[PDB]
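Okay, so here's the structure we're looking at.
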2 protein chains.
Amino acid sequence: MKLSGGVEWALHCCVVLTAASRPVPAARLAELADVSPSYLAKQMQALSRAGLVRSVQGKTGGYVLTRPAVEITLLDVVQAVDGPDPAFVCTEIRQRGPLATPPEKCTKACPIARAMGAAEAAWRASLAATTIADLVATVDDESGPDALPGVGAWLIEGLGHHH
Amino acid sequence: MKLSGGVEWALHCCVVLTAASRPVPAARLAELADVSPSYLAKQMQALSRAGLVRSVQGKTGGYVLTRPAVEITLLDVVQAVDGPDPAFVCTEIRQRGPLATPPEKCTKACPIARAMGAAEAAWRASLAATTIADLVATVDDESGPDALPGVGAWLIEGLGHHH
Ligand code: FES
Ligand code: FES
């Protein structure tokens, strides 16, 4: 099992909310992603349960990040969607068979499990060391300084006005 | 996100093969772990296809490592069993919806995909930097010098004697 499809979506969602820098209603995010408002709202639940997004009420209400983009790491978003479980799971096969390691000697993790855990720690360190602010800065530098502001304006234009 | 159960088994198999002075039949490895020969054989065929173990014929035939333990990395074993696919797959969601990035502006990978790719590279680099010889050295240090030789002796004892 690799990462679920929700990780790609949730990372893009955090970048687009930073671009808006004002509450974005479910309907406007849903239009941007070409899905229904009710489907978008269901996907947002992973980010709201993790305390990364909240809902603002009122006529120009909608979703906002709960803290600045520099305080949201890629690891925060990945764990919001796919949870905290490591990729490698030790099933304690060293406790099997006629030369089984007795449980009283199985307090410390298997050296194999520890090496796999150290590799996972490098993956998590890389995700923890990168922020939503870094992604926004790279999009700015490569798409131009007008690209994300354009997305932000499109999301919030006309909110609280009836045409 | 999960690595298949075969990774744990294949890493243990590589470690115990270092302790054997002769080819080890799949049947003896299976007996040591009190596990189905057919399950063990599938993990050993994955290691064989990756060029990490080979089958020796004759009366005391069985599996041997194809090269020294110091030349076999955790990455070699993980990819032999779970394949080369990364954790994160970009589905080009930036090409969706009314503000879709046109193909001509999709010459570079998405910055989000590149950040996830950098984390994957950190994971692979950690697995590539640890060898079966490192695992053996750690087992010798923590289980004592007699642990692996005990397993090695058990695996090869009596082969070709018919008691
Ligand atoms: S007993 Fe699970 S990795 Fe060794
Ligand atoms: S389009 Fe796939 S990670 Fe951005």
Side-chain angles (χ1 to χ4, degrees), chain A residues 1-5 7-9 11-12 15 31-35 74-75 78 82-83 85-91 93-94 96-101 110-116 118-127 129-130 134-139 141-143 147 150-151 154, chain B residues 1-5 7-9 11-12 15 31-35 74-75 78 82 85-91 93-94 96-101 105 108 110-116 118-130 134-139 141-143 147 150-151 154:
Chain A
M1 185 62 49
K2 306 310 185 180
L3 293 169
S4 83
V7 172
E8 183 179 25
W9 168 78
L11 288 164
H12 274 268
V15 167
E31 193 184 343
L32 186 66
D34 197 15
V35 297
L74 269 50
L75 185 61
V78 168
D82 267 34
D85 292 348
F88 180 84
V89 174
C90 175
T91 67
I93 65 176
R94 64 181 170 168
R96 290 176 72 115
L99 281 183
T101 306
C110 177
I112 294 172
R114 287 207 325 264
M116 292 306 293
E120 167 105 27
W123 181 72
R124 291 189 186 208
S126 179
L127 296 178
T130 307
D134 293 325
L135 297 179
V136 169
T138 302
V139 167
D141 186 272
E142 306 190 347
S143 305
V151 172
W154 185 95
Chain B
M1 186 173 58
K2 211 188 80 78
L3 294 171
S4 84
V7 174
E8 185 179 25
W9 287 92
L11 286 165
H12 272 261
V15 170
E31 197 180 0
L32 175 67
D34 191 15
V35 74
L74 271 52
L75 183 61
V78 168
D82 255 36
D85 287 342
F88 181 80
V89 173
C90 176
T91 70
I93 63 169
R94 64 181 170 170
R96 285 184 58 106
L99 268 51
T101 305
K105 286 203 69 179
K108 294 167 139 69
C110 181
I112 295 179
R114 296 205 318 268
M116 294 305 292
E120 176 83 33
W123 200 347
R124 289 189 183 201
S126 177
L127 293 175
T130 303
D134 297 325
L135 299 178
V136 167
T138 302
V139 171
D141 284 353
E142 301 187 352
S143 299
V151 173
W154 192 100

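First the proteins, then the strands, lettered A, B, ... as listed; each starts at 1. Computed over heavy atoms, backbone and side chain alike; hydrogens, waters and symmetry mates excluded.
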In terms of heavy-atom pairs under 4.5 Å with chain B, the winner among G83(A), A118(A), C90(A) is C90(A)

Are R94(B) and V139(A) close enough that some pair of their side-chain heavy atoms sits under 4.5 Å apart?
no

Quick one: what part of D134(B) sits under 4.5 Å from any heavy atom of chain A, side chain, backbone, both or neither?
neither

Steps toward side-chain contact (heavy atoms from CB on, under 4.5 Å) verdict (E120(A), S126(B)):
CA-CA 8 Å; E120(A) 167 105 27; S126(B) 177; over 6 Å; no

Stepwise side-chain contact (heavy atoms from CB on, under 4.5 Å) test for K2(B) and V89(A):
CA-CA 8 Å; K2(B) 211 188 80 78; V89(A) 174; 4.3 Å; yes

Can you tell me how far CZ of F88(B) sits from CD of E8(A), rounded to the nearest 0.5 angstrom?
4.5 Å

Do the non-hydrogen side-chain atoms of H12(A) and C110(B) ever get within less than 4.5 Å of each other?
yes

Rounded distance (nearest 0.5 Å) linking atom CG of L135(A) with atom CE of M116(B):
10.0 Å

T91(B), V78(B), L127(B), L11(B): which one forms the most heavy-atom pairs within less than 4.5 Å of chain A?
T91(B)

Heavy-atom pair count under 4.5 Å with chain A, highest-scoring of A87(B), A129(B), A122(B)
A87(B)

CZ of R124(A) to CH2 of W123(B), rounded to nearest 0.5 Å, is 8.5 Å

Counting heavy-atom pairs under 4.5 Å with chain A, which one of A119(B), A115(B), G97(B) comes out on top?
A119(B)

How long is the gap from CH2 on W9(A) to CD1 on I93(B), to the nearest 0.5 Å?
9.0 Å

Answer with side chain, backbone, both or neither: which region of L32(A) has an atom nearer than 4.5 Å to a non-hydrogen atom of chain B?
both

Just how far is it from atom CE of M1(B) to atom CE of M1(A), taken to the nearest 0.5 Å?
11.5 Å

So if I apply the salt bridge (charged side-chain N to carboxylate O under 4.0 Å, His left out) rule between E142(A) and each of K108(B), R114(B), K105(B), which one comes out positive?
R114(B)

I112(B) side, atom CD1; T138(A) side, atom OG1 - distance, nearest 0.5 Å
10.0 Å

